[PDB]
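For reference, coords_1.cif (mmCIF, C-alpha atoms):
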```cif
data_protein
loop_
_atom_site.label_atom_id
_atom_site.label_comp_id
_atom_site.auth_asym_id
_atom_site.auth_seq_id
_atom_site.Cartn_x
_atom_site.Cartn_y
_atom_site.Cartn_z
CA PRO R 1 23.73 65.12 -16.50
CA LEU R 2 25.29 64.84 -13.05
CA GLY R 3 27.35 62.10 -14.69
CA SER R 4 30.22 60.72 -12.57
CA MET R 5 28.95 61.90 -9.18
CA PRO R 6 29.69 59.09 -6.62
CA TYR R 7 27.00 56.99 -4.96
CA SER R 8 27.35 58.74 -1.58
CA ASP R 9 27.23 62.24 -3.09
CA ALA R 10 24.08 61.25 -4.99
CA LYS R 11 22.42 60.32 -1.69
CA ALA R 12 23.58 63.44 0.13
CA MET R 13 22.48 65.82 -2.62
CA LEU R 14 19.25 63.81 -2.73
CA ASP R 15 18.61 64.54 0.96
CA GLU R 16 19.63 68.20 0.90
CA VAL R 17 17.14 68.55 -1.96
CA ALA R 18 14.42 66.87 0.11
CA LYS R 19 14.78 69.68 2.68
CA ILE R 20 14.20 72.42 0.12
CA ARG R 21 11.13 70.60 -1.18
CA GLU R 22 9.52 70.65 2.29
CA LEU R 23 10.50 74.30 2.75
CA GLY R 24 8.79 74.83 -0.56
CA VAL R 25 5.52 72.97 -0.06
CA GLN R 26 5.36 74.72 3.34
CA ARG R 27 5.82 78.19 1.91
CA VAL R 28 2.94 77.22 -0.38
CA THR R 29 0.27 75.98 2.03
CA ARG R 30 1.22 78.95 4.23
CA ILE R 31 0.54 81.30 1.35
CA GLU R 32 -2.43 79.10 0.55
CA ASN R 33 -3.95 79.10 4.05
CA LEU R 34 -3.36 82.78 4.70
CA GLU R 35 -5.03 83.69 1.43
CA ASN R 36 -7.94 81.56 2.56
CA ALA R 37 -8.19 83.00 6.09
CA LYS R 38 -8.04 86.43 4.46
CA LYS R 39 -11.41 85.58 2.91
CA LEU R 40 -12.97 84.26 6.13
CA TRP R 41 -11.94 87.51 7.81
CA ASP R 42 -13.70 89.53 5.11
CA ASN R 43 -16.91 87.50 5.42
CA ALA R 44 -16.98 88.51 9.04
CA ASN R 45 -16.14 92.16 8.31
CA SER R 46 -19.02 92.06 5.80
CA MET R 47 -21.61 90.95 8.41
CA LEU R 48 -20.16 93.48 10.86
CA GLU R 49 -20.51 96.25 8.30
CA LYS R 50 -24.17 95.64 7.60
CA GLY R 51 -25.05 95.44 11.30
CA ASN R 52 -25.86 91.69 11.50
CA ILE R 53 -24.73 91.00 15.09
CA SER R 54 -25.76 87.32 15.37
CA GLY R 55 -23.97 86.91 12.04
CA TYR R 56 -20.66 88.77 12.31
CA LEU R 57 -20.57 86.82 15.54
CA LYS R 58 -20.84 83.47 13.78
CA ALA R 59 -18.56 84.62 10.92
CA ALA R 60 -15.82 85.67 13.31
CA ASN R 61 -16.04 82.20 14.83
CA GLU R 62 -15.42 80.53 11.45
CA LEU R 63 -12.28 82.63 11.11
CA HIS R 64 -11.12 81.82 14.62
CA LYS R 65 -11.76 78.09 14.22
CA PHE R 66 -9.81 77.96 10.97
CA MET R 67 -6.94 80.07 12.33
CA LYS R 68 -6.63 77.90 15.40
CA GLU R 69 -6.83 74.73 13.32
CA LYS R 70 -3.89 75.91 11.16
CA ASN R 71 -1.62 77.30 13.90
CA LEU R 72 -1.99 80.90 12.70
CA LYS R 73 -1.86 84.02 14.90
CA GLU R 74 -3.31 87.50 14.32
CA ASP R 75 0.24 88.58 13.59
CA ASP R 76 0.34 86.05 10.76
CA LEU R 77 -2.77 87.33 8.97
CA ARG R 78 -2.43 91.08 9.74
CA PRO R 79 0.17 91.78 7.02
CA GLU R 80 -2.24 90.28 4.48
CA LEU R 81 -5.05 92.60 5.57
CA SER R 82 -3.22 95.92 5.01
CA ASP R 83 -5.55 96.18 2.02
CA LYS R 84 -8.85 96.19 3.94
CA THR R 85 -10.45 98.42 6.60
CA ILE R 86 -12.96 98.34 9.46
CA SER R 87 -15.46 101.22 9.24
CA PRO R 88 -15.60 103.57 12.22
CA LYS R 89 -19.15 102.21 12.13
CA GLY R 90 -17.74 98.70 12.56
CA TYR R 91 -15.49 99.66 15.47
CA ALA R 92 -18.53 101.43 16.89
CA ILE R 93 -20.37 98.09 17.04
CA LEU R 94 -17.22 96.21 18.03
CA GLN R 95 -16.86 98.35 21.17
CA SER R 96 -20.57 98.11 22.06
CA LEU R 97 -20.30 94.33 21.83
CA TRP R 98 -17.21 94.27 24.06
CA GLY R 99 -19.18 96.30 26.61
CA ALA R 100 -22.30 94.17 26.48
CA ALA R 101 -20.28 90.97 26.50
CA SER R 102 -18.09 92.28 29.34
CA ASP R 103 -21.09 93.17 31.55
CA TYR R 104 -23.35 90.21 30.72
CA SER R 105 -20.21 88.28 31.67
CA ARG R 106 -20.02 89.76 35.17
CA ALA R 107 -23.78 89.51 35.75
CA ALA R 108 -24.04 85.92 34.58
CA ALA R 109 -21.85 84.92 37.54
CA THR R 110 -24.58 84.21 40.13
CA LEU R 111 -24.32 82.32 43.41
CA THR R 112 -26.42 79.60 41.77
CA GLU R 113 -24.04 78.87 38.94
CA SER R 114 -21.11 81.05 37.91
CA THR R 115 -18.91 78.94 35.68
CA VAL R 116 -20.41 77.89 32.31
CA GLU R 117 -22.52 80.89 31.41
CA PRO R 118 -19.94 83.54 32.32
CA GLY R 119 -17.33 81.30 30.74
CA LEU R 120 -19.22 81.20 27.47
CA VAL R 121 -20.06 84.89 27.25
CA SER R 122 -16.32 85.39 27.58
CA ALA R 123 -15.57 82.71 25.01
CA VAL R 124 -17.38 85.08 22.62
CA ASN R 125 -15.95 88.38 23.82
CA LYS R 126 -12.45 86.88 23.64
CA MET R 127 -12.84 85.54 20.08
CA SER R 128 -14.62 88.69 18.93
CA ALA R 129 -11.48 90.62 19.80
CA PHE R 130 -9.58 88.01 17.84
CA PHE R 131 -11.17 89.16 14.56
CA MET R 132 -10.32 92.72 15.46
CA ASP R 133 -6.68 92.04 16.40
CA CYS R 134 -6.14 90.43 13.02
CA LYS R 135 -6.39 93.99 11.70
CA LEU R 136 -5.72 96.64 14.34
CA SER R 137 -1.93 96.83 14.87
CA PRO R 138 -0.99 96.31 18.57
CA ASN R 139 0.34 99.83 18.97
CA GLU R 140 -2.73 101.54 17.48
CA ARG R 141 -6.00 102.18 19.28
CA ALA R 142 -9.58 101.70 18.09
CA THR R 143 -11.25 104.71 16.43
CA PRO R 144 -15.03 104.42 17.03
CA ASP R 145 -17.84 106.71 15.88
CA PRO R 146 -18.92 108.61 19.04
CA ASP R 147 -22.02 109.49 16.99
CA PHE R 148 -23.18 105.97 16.02
CA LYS R 149 -24.51 103.74 18.79
CA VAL R 150 -26.37 100.43 18.82
CA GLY R 151 -28.93 99.24 21.33
CA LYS R 152 -27.44 97.23 24.17
CA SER R 153 -30.58 95.11 23.95
CA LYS R 154 -30.14 94.30 20.24
CA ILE R 155 -26.55 93.30 20.89
CA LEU R 156 -27.33 91.11 23.91
CA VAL R 157 -29.99 89.18 21.98
CA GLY R 158 -27.33 88.64 19.35
CA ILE R 159 -24.82 87.23 21.77
CA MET R 160 -27.38 84.81 23.23
CA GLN R 161 -28.55 84.03 19.74
CA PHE R 162 -24.99 82.96 18.92
CA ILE R 163 -24.26 81.02 22.12
CA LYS R 164 -27.46 79.12 21.47
CA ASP R 165 -26.55 78.14 17.90
CA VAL R 166 -23.09 76.84 18.90
CA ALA R 167 -23.69 75.23 22.25
CA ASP R 168 -24.31 71.46 22.33
CA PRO R 169 -27.86 70.02 22.82
CA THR R 170 -26.41 68.62 26.07
CA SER R 171 -24.71 71.82 27.22
CA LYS R 172 -26.21 72.78 30.54
CA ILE R 173 -26.20 75.92 32.65
CA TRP R 174 -27.04 75.06 36.28
CA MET R 175 -29.95 72.61 35.96
CA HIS R 176 -31.16 73.67 32.53
CA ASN R 177 -30.28 72.88 28.91
CA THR R 178 -28.23 75.93 27.77
CA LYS R 179 -30.18 75.99 24.52
CA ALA R 180 -33.45 76.23 26.42
CA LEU R 181 -32.18 78.84 28.90
CA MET R 182 -30.60 81.07 26.23
CA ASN R 183 -33.84 80.90 24.29
CA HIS R 184 -35.69 81.83 27.49
CA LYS R 185 -33.52 84.87 28.12
CA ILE R 186 -33.83 85.98 24.53
CA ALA R 187 -37.59 86.03 24.85
CA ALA R 188 -37.33 87.79 28.23
CA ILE R 189 -35.17 90.59 26.80
CA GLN R 190 -37.33 90.96 23.71
CA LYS R 191 -40.44 91.34 25.90
CA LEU R 192 -38.72 94.34 27.47
CA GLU R 193 -37.94 95.83 24.05
CA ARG R 194 -41.64 95.58 23.14
CA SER R 195 -42.64 97.43 26.30
CA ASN R 196 -39.87 100.03 25.94
CA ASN R 197 -38.81 98.97 29.43
CA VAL R 198 -35.12 98.25 28.90
CA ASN R 199 -32.75 99.78 31.44
CA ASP R 200 -29.65 98.82 33.43
CA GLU R 201 -31.95 97.57 36.18
CA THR R 202 -34.38 95.29 34.30
CA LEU R 203 -31.52 93.94 32.15
CA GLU R 204 -28.95 93.11 34.84
CA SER R 205 -31.93 91.12 36.13
CA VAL R 206 -32.54 88.90 33.12
CA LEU R 207 -28.82 88.48 32.50
CA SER R 208 -28.27 87.59 36.14
CA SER R 209 -30.92 84.83 36.01
CA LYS R 210 -30.79 81.02 35.77
CA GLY R 211 -34.54 80.48 35.78
CA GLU R 212 -34.56 79.11 39.32
CA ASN R 213 -38.29 79.69 39.54
CA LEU R 214 -40.01 76.78 37.76
CA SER R 215 -43.31 78.52 38.59
CA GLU R 216 -42.29 81.19 36.06
CA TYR R 217 -39.58 79.44 34.03
CA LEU R 218 -42.10 77.21 32.24
CA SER R 219 -45.18 79.47 32.55
CA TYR R 220 -46.96 76.52 34.13
CA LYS R 221 -48.42 78.15 37.22
CA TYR R 222 -48.47 74.83 39.15
CA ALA R 223 -44.98 73.64 38.19
CA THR R 224 -43.39 71.52 40.88
CA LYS R 225 -41.46 68.39 41.75
CA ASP R 226 -43.50 66.83 44.56
CA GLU R 227 -47.15 66.30 45.57
CA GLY R 228 -48.75 69.49 44.27
CA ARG R 229 -52.49 69.76 43.76
CA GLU R 230 -55.25 67.20 44.27
CA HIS R 231 -57.48 65.54 41.68
CA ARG R 232 -60.15 62.99 40.78
CA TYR R 233 -58.24 62.17 37.64
CA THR R 234 -54.55 62.59 38.54
CA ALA R 235 -52.20 62.43 35.57
CA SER R 236 -50.84 58.87 35.61
CA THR R 237 -48.20 57.28 33.37
CA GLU R 238 -49.91 54.06 32.21
CA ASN R 239 -52.95 53.77 29.92
CA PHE R 240 -50.39 54.65 27.25
CA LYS R 241 -47.61 52.35 26.05
CA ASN R 242 -45.30 54.90 24.40
CA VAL R 243 -44.09 56.83 27.45
CA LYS R 244 -40.30 56.59 27.77
CA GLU R 245 -38.83 55.46 31.13
CA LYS R 246 -38.38 58.46 33.49
CA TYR R 247 -42.12 59.31 33.63
CA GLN R 248 -43.18 56.50 35.99
CA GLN R 249 -43.14 57.15 39.72
CA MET R 250 -44.04 60.57 38.28
CA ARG R 251 -47.44 61.38 39.75
CA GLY R 252 -49.85 63.86 38.20
CA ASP R 253 -48.97 67.52 38.77
CA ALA R 254 -45.20 66.97 39.13
CA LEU R 255 -45.35 64.76 36.06
CA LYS R 256 -46.78 67.48 33.90
CA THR R 257 -43.95 69.72 35.10
CA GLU R 258 -41.43 67.06 34.03
CA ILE R 259 -42.91 66.48 30.60
CA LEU R 260 -43.43 70.20 30.14
CA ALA R 261 -39.75 70.83 30.87
CA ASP R 262 -38.48 68.14 28.49
CA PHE R 263 -40.66 69.62 25.78
CA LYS R 264 -39.23 73.09 26.44
CA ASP R 265 -35.82 71.58 25.78
CA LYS R 266 -36.59 69.47 22.71
CA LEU R 267 -38.44 72.54 21.41
CA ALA R 268 -35.35 74.73 21.72
CA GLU R 269 -33.59 72.75 18.97
CA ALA R 270 -35.61 74.48 16.23
CA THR R 271 -33.62 76.57 13.75
CA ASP R 272 -36.40 77.67 11.40
CA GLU R 273 -40.05 77.60 10.35
CA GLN R 274 -40.02 74.06 8.97
CA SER R 275 -37.64 72.75 11.64
CA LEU R 276 -40.05 73.99 14.34
CA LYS R 277 -43.23 72.93 12.56
CA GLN R 278 -41.83 69.40 12.70
CA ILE R 279 -40.56 69.34 16.28
CA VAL R 280 -44.02 70.50 17.30
CA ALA R 281 -45.79 67.98 15.03
CA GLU R 282 -43.52 65.20 16.28
CA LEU R 283 -44.38 66.37 19.81
CA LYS R 284 -48.17 66.57 19.47
CA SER R 285 -47.96 63.02 18.07
CA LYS R 286 -46.38 61.69 21.27
CA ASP R 287 -48.39 60.09 24.06
CA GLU R 288 -46.98 62.26 26.84
CA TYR R 289 -48.58 65.17 24.99
CA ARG R 290 -51.97 63.61 25.54
CA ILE R 291 -51.03 63.25 29.18
CA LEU R 292 -50.86 67.03 29.24
CA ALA R 293 -54.06 67.54 27.28
CA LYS R 294 -55.97 65.21 29.64
CA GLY R 295 -57.73 67.03 32.48
CA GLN R 296 -57.23 66.38 36.22
CA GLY R 297 -60.51 67.52 37.74
CA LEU R 298 -64.15 66.78 36.96
CA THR R 299 -65.08 70.31 35.88
CA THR R 300 -62.09 70.84 33.56
CA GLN R 301 -62.86 67.55 31.80
CA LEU R 302 -66.69 67.39 31.65
CA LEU R 303 -66.20 70.58 29.62
CA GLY R 304 -63.06 69.69 27.69
CA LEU R 305 -61.18 72.85 28.64
CA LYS R 306 -57.68 73.36 27.29
CA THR R 307 -55.69 72.35 30.36
CA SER R 308 -52.98 74.59 31.89
CA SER R 309 -50.13 72.32 30.72
CA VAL R 310 -51.23 72.59 27.12
CA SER R 311 -52.05 76.26 27.65
CA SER R 312 -48.43 76.73 28.63
CA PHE R 313 -46.94 74.35 26.00
CA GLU R 314 -48.64 76.53 23.39
CA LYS R 315 -47.01 79.65 24.77
CA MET R 316 -43.57 77.97 24.75
CA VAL R 317 -44.13 77.31 21.08
CA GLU R 318 -45.11 80.91 20.44
CA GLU R 319 -42.05 82.43 22.13
CA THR R 320 -39.99 80.06 20.00
CA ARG R 321 -41.62 81.05 16.72
CA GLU R 322 -40.85 84.63 17.79
CA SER R 323 -37.27 83.85 18.83
CA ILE R 324 -36.96 82.56 15.26
CA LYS R 325 -38.90 85.15 13.26
CA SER R 326 -36.33 87.77 14.32
CA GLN R 327 -33.29 85.75 13.36
CA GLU R 328 -34.74 87.03 10.06
#
```

Please render this file's structure as structure tokens.
Amino acid sequence: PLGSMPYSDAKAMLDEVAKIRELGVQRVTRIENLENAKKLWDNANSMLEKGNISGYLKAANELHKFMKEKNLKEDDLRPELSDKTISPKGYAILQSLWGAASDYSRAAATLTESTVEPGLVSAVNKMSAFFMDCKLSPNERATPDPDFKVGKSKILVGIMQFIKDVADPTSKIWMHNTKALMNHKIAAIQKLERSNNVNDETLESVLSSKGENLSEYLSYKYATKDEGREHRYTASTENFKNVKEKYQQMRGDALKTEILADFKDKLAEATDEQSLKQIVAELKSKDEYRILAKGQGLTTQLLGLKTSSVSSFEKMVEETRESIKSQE
């Protein structure tokens, strides 16, 4: 065999061989990982091709997350993609997204809050470009289809759609739960699409907003955080034993605002038909729900009229079903 090779030399040649083995296993997982990332990139190009904004968006994120987890740069994966191509139809979208993202980014920076929201819209724009730089060589320029053109509105919804699905259920913009607020702006934009009333002016307006008007952020005309309106049957906390802490020194009107708001939030965690059906069921079955459904004035109660709070809580559900039945 190696017969006669000294003890020392056996050790040395045993170490120098260790080195090559690492260099080998490396060259393998590198080839392994790149081949993998090459797939993730295609998934995203697929979505992008068949116009699914809210999807190419999520797909591109998968790629990015992997890439970043395996210390890989666009330059690493580009050589492997010399086989594929991005349709001029895809670059068309890609550019429209960059625009939308870029503007929504600038508008989101309001005097109220101008850190998280703008910061997130960028998070997206930045990592969208990532998917594109994994293909487009740094010296080349994008070749879009001047003919093709998507609706700024359809793209915006998509971005918000995405930000909502990836933000944390504790992620907050200004005083609101990001999830809730993104869901609120999606509905707001859609309403404009339905009334063919989408222009630079109405849009910059929704994008610029942080729902600083409870009155209109919850659709509960009497929303407030103080005294409010009178009664004869103010909404009190007791009488029920299943009302979590917070709702205590909460008196009537202001209390319905509070519950209403928390519902809006919990309700924004729905990802589908069944998911929502439950969150609503699980909500109706609470005791703070009955605090909403209980009147506050003789008239409204000696008739059993659907209160305003419930009136509103039913709308919030509707806009959510809608904000879901479009994701499809």

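The neighbours of residue R:38 here are the residues that come within 10 Å of it, using only C-alpha atoms and leaving out any residue fewer than 6 positions away in the same chain; they are residues 63, 77, 78, 80, 81, 84 and 134 of chain R.
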
Dump as an mmCIF file, in the frame of the given file, selection limited to C-alpha atoms:
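Written file, part26.cif:
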```cif
data_model
loop_
_atom_site.group_PDB
_atom_site.id
_atom_site.type_symbol
_atom_site.label_atom_id
_atom_site.label_comp_id
_atom_site.auth_asym_id
_atom_site.auth_seq_id
_atom_site.Cartn_x
_atom_site.Cartn_y
_atom_site.Cartn_z
ATOM 1 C CA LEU R 63 -12.280 82.630 11.110
ATOM 2 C CA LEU R 77 -2.770 87.330 8.970
ATOM 3 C CA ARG R 78 -2.430 91.080 9.740
ATOM 4 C CA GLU R 80 -2.240 90.280 4.480
ATOM 5 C CA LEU R 81 -5.050 92.600 5.570
ATOM 6 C CA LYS R 84 -8.850 96.190 3.940
ATOM 7 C CA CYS R 134 -6.140 90.430 13.020
#
```

Open item on the list: What would the selection look like, as a ChimeraX atom specification, if the PyMOL selection byres ((chain R and resi 161-177) around 9) were run on the coordinates I just shared?
Closed with: /R:53-55,57-58,112-117,120-121,124,156-160,178-183,186,210-212,265-266,268-269,271,323,327

TODO: Apply the PyMOL selection byres ((chain R and resi 252) around 7) to the structure shown and report the selected residues as a PyMOL selection string.
DONE: chain R and resi 234-236+250-251+253-256

Prev. selection, C-alpha atoms, output as a PDB file, in the coordinates of the input:
```pdb
ATOM      1  CA  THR R 234     -54.550  62.590  38.540  1.00  0.00           C
ATOM      2  CA  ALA R 235     -52.200  62.430  35.570  1.00  0.00           C
ATOM      3  CA  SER R 236     -50.840  58.870  35.610  1.00  0.00           C
ATOM      4  CA  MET R 250     -44.040  60.570  38.280  1.00  0.00           C
ATOM      5  CA  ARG R 251     -47.440  61.380  39.750  1.00  0.00           C
ATOM      6  CA  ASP R 253     -48.970  67.520  38.770  1.00  0.00           C
ATOM      7  CA  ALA R 254     -45.200  66.970  39.130  1.00  0.00           C
ATOM      8  CA  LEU R 255     -45.350  64.760  36.060  1.00  0.00           C
ATOM      9  CA  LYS R 256     -46.780  67.480  33.900  1.00  0.00           C
TER      10      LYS R 256
END
```

- [ ] Just the residues within 8 Å of residue R:308, please, counting only C-alpha atoms, with nothing from its chain fewer than 4 positions along; format it as JSON, numbers by chain.
- [x] {"R": [220, 221, 312]}

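Of note, atom CA of residue R:128 and atom CA of residue R:203 are spaced 22.1 Å apart.
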
Open item on the list: Please compute the atom CA of residue R:97-atom CA of residue R:191 distance, one decimal, in Å.
Closed with: 20.8 Å

Open item on the list: I'd like the contact shell of residue R:125 - 8 Å cut-off, all atoms listed in the file, skipping same-chain residues fewer than 5 positions apart - returned as a ChimeraX atom specification.
Closed with: /R:97-98,101-102

Task: Atom pair atom CA of residue R:74 / atom CA of residue R:33: separation (Å) - done: 13.3 Å

- [ ] Determine the residue set returned by the PyMOL selection byres ((chain R and resi 93) around 9) for the present structure, and present it as a ChimeraX atom specification.
- [x] /R:48-49,51,53,88-92,94-98,144,148-150,155

Since fewer atoms than expected are present, regenerate N, CA and C atoms for stretch 276-287 of chain R and write them as a JSON list (two decimals), keeping the file's coordinate frame.
```
[["chain", "number", "residue", "atom", "x", "y", "z"],
["R", 276, "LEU", "N", -39.13, 73.86, 13.21],
["R", 276, "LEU", "CA", -40.05, 73.99, 14.34],
["R", 276, "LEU", "C", -41.37, 73.28, 14.09],
["R", 277, "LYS", "N", -41.96, 73.54, 12.93],
["R", 277, "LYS", "CA", -43.23, 72.93, 12.56],
["R", 277, "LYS", "C", -43.15, 71.42, 12.80],
["R", 278, "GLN", "N", -42.00, 70.83, 12.51],
["R", 278, "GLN", "CA", -41.83, 69.40, 12.70],
["R", 278, "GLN", "C", -41.73, 69.02, 14.16],
["R", 279, "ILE", "N", -40.78, 69.64, 14.86],
["R", 279, "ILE", "CA", -40.56, 69.34, 16.28],
["R", 279, "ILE", "C", -41.86, 69.43, 17.07],
["R", 280, "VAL", "N", -42.74, 70.33, 16.64],
["R", 280, "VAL", "CA", -44.02, 70.50, 17.30],
["R", 280, "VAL", "C", -44.95, 69.35, 16.87],
["R", 281, "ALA", "N", -44.97, 69.06, 15.57],
["R", 281, "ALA", "CA", -45.79, 67.98, 15.03],
["R", 281, "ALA", "C", -45.38, 66.69, 15.72],
["R", 282, "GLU", "N", -44.09, 66.39, 15.66],
["R", 282, "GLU", "CA", -43.52, 65.20, 16.28],
["R", 282, "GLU", "C", -43.80, 65.15, 17.78],
["R", 283, "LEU", "N", -44.08, 66.31, 18.38],
["R", 283, "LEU", "CA", -44.38, 66.37, 19.81],
["R", 283, "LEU", "C", -45.86, 66.10, 20.07],
["R", 284, "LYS", "N", -46.73, 66.76, 19.31],
["R", 284, "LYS", "CA", -48.17, 66.57, 19.47],
["R", 284, "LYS", "C", -48.48, 65.08, 19.31],
["R", 285, "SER", "N", -47.77, 64.44, 18.37],
["R", 285, "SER", "CA", -47.96, 63.02, 18.07],
["R", 285, "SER", "C", -47.45, 62.04, 19.12],
["R", 286, "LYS", "N", -46.86, 62.55, 20.20],
["R", 286, "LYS", "CA", -46.38, 61.69, 21.27],
["R", 286, "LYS", "C", -47.57, 61.33, 22.14],
["R", 287, "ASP", "N", -47.33, 60.49, 23.14],
["R", 287, "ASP", "CA", -48.39, 60.09, 24.06],
["R", 287, "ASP", "C", -48.32, 60.92, 25.34]]
```
